[PDB]
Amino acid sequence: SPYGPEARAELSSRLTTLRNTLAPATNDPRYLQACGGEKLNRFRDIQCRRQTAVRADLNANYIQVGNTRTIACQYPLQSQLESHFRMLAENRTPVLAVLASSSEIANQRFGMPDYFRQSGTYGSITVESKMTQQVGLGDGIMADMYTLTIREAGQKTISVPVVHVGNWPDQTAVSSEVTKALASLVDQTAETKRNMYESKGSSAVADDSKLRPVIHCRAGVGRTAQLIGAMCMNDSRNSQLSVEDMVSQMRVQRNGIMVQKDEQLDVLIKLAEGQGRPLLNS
């Protein structure tokens, strides 16, 4: 079976070698380095590929899996919020998908600022948050939606749709069914926003650094990677892109932890199987 235990063990073997090889060394030229004493990486060993980095002071990466273009990042640190909002505005972000739980955000020990559910001022940027609809995704998993209106004197005002899944626990995989529902919601949300820009003649539509969905959880490697893999499978341009390719690309473009847990890989495998998509490269 191309999805049996032998295939899965070979997949794991290739991916584990890759993870181990991509582990960050001290002052690794492959990874973005903190430029002074301000902390860059939320987690010391979850680093940001330098060549695909979005901003010099964020742990955030441009990701292209097959043809699917996204930004994956860590939950921004308090000191990073103004730069994070500039990244969101500059990218004309068509959807921000936050997969960190409400309980994580509320726990002040974790230093996860509540930046999208409340209005705020961050240096010269002001942000207005408004709640919109709520969508059940299956298995009691809920998506709460918001818009963030990002204002700054002398910048164009940009509003960003947010899909917050507030009850996807750390270090778990929601089911393949929930994942597919979530991927559809995120893609549909992005498409509606992109369409609006297109309807106004917007130039962002010609630029590939822009109009990227931005996805983060806590570290931006587990729940984030599971969603991005699912989104890549929802994109018809990615026929024959293997699970091996998809995971390897996320790893070389962000870090070797992408798809952190076996159960998160298993959801990708199950989604691939449902499509007749290969696990391994021949």
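Start at 1 with the first residue shown and count on from there.
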As the entry reports it, the stretch among 52-60 and 31-39 with higher mean C-alpha B factor is 31-39
Going by the B-factors listed in the PDB entry, is the mean over the C-alpha atoms higher for 145-153 or for 205-213?
205-213
Among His164, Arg92, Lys200, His84, which residue carries the highest C-alpha B-factor recorded in the PDB entry?
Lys200
Could you say whether, by C-alpha temperature factor, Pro76 belongs to the lowest, middle or highest third of its chain?
lowest
Sorting the chain's CA B-factors, does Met131 end up in the lowest, middle or highest third?
highest
On the chain's distribution of Cα B-factors, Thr189 falls within the third called lowest
Please place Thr16 in the lowest, middle or highest third of its chain by C-alpha B factor as given in the entry.
middle
Chain-relative CA temperature factor third for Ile158
middle
